[PDB]
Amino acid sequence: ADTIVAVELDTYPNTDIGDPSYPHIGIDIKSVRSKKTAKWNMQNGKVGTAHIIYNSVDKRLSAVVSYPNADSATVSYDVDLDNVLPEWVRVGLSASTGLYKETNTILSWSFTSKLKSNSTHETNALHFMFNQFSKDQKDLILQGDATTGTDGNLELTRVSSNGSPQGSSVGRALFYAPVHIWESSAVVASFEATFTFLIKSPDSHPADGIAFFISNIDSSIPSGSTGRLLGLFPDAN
């Protein structure tokens, strides 16, 4: 089915499918079993920031996650994305809850993509930045339980009125326009993504996490991907 490349912010350790024994950040290339992970000192109720970068010369996907006044976590993986994804993709955010839960709120999201050709001055670029989400955000495709406009935020998974997070929820938000990540005459292709999130849970064991992902343009939530599968994969293979 879908082709997924994702950076996961995994809040619950599912050691049975390969997660380390703590909250962690990981790089997923077509499988929920991360190719690489780093321990993440997740802070319930605090606003964090994730930064994701990549370029076609180095062929290394790197991510940094931090909280104000704290040391940051970083994970990197060598991978040639031209060999994994199609030339046209869509980028988005995904999150899920299962038996354990949490709010998966997005307060801001920016993305920049650049394709530099061998022609003198030939640069194709795409940049979007949301610091405020409105009730009817026509430039986003919302899937599953994702909603916008609440407090000017993006709520990826269900939250009840009292502001409480609901279990077994899954939601994704994708930028409306397709993104071009390869071109036959490109000499350098690169992208950078930043998002700020608020993960809060009334429980000691929050679950499941948030992921930034890149997929085929027609990607949709796979059946039964609530919980540990982050709304990205159909199974744990």
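Numbering starts at 1 and runs along the sequence shown.
K.L.:
Going by the average Cα B-factor in the PDB entry, point out whether 34-42 or 49-57 comes out higher.
P.N.:
Averaging CA B-factors over each stretch, the winner is 34-42.
K.L.:
Using only the Cα atoms and their B-factors as the entry lists them, report which of 211-219 and 11-19 averages higher.
P.N.:
If you average the C-alpha B-factors of 211-219 and of 11-19, the larger mean comes out for 11-19.
K.L.:
Among the candidates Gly149, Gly144, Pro86, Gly92, give the one with the maximum CA B-factor reported in the record.
P.N.:
That would be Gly149.
K.L.:
Among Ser76, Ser164, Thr105, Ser110, where is the Cα B factor highest in this entry?
P.N.:
It is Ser164.
K.L.:
According to the PDB entry, is the CA B factor of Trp182 in the bottom, middle or top third of its chain, that is, lowest, middle or highest?
P.N.:
Highest third of the chain for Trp182's C-alpha B-factor.
K.L.:
Going by the CA temperature factor in the PDB record, which third of the chain does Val159 belong to: lowest, middle or highest?
P.N.:
For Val159, whose C-alpha B-factor we compare with every modelled residue in the chain, the answer is the highest third.
K.L.:
Classify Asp80 as lowest, middle or highest third according to the C-alpha B-factor given in the PDB entry, relative to its own chain.
P.N.:
Within its chain, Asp80 is a middle-third residue by C-alpha B-factor, going by the deposited values.
K.L.:
Would you check the entry's CA temperature factor for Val170 and let me know if it's in the chain's lowest, middle or highest third?
P.N.:
Middle third by C-alpha B-factor.
K.L.:
Going by what the PDB entry lists, where does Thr196 fall on CA B-factor within its chain: lowest, middle or highest third?
P.N.:
Its C-alpha B-factor, which the entry lists for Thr196, ranks in the lowest third among residues of this chain.
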